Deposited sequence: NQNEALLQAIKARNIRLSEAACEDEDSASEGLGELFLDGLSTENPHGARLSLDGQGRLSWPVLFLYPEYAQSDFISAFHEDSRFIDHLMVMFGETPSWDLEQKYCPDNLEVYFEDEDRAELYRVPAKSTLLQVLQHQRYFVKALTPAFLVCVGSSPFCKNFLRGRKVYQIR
């Protein structure tokens, strides 16, 4: 169907497919992503906050939208769990894991979703891109990145 074709057209890697059984499974799943009138993709996206074991679900993250623009809106108000009141958009860092190699990639907040999904080591799970969000200078961020190779995407 349209959705899986649109994903492959963007050279985005899916964890279930990368026999064709994975593709068949994913085709079945896809038939929460949506296409614009101009053929542009919006994704359901999870932000995970591993400091407090919390998460936010963004229902329609447009592929051409920037992380910072979402973070500015989401962290306008302080969430109840932000005890030190330190989750300010300016100080937030966004990461994803390359699980097979046990390496982390930092995502500049001005990046678009499409730019990150097209990274060679980004693999989408359950058709739902996920990102780890934490405070740059914080004690937890120090501990979470401890003993891990940390790169930054272009």
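- Unmodelled regions of the deposited chain sequence (numbering from residue 1, in sequence order): 1 to 3, 22 to 29, 43 to 48.
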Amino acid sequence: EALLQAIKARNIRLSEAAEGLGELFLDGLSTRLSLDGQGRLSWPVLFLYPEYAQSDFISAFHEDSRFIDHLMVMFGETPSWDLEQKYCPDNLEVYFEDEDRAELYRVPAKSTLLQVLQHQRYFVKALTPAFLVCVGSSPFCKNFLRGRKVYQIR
From here on, numbers count along this sequence of modelled residues.
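- With 136 to 144 and 7 to 15 compared on mean CA B-factor from the PDB entry, the stretch scoring higher is 136 to 144.
- Relative to one another, 53 to 61 and 85 to 93 have unequal mean CA B-factors, and 85 to 93 is the one with the higher figure.
- Listed residues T31, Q120, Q115, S42 were ranked by CA B-factor as deposited; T31 comes out on top.
- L26 sits in the middle third of its chain by CA B factor, as recorded in the PDB entry.
- The entry lists a Cα temperature factor for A2 that places it in the highest third of the chain's modelled residues.
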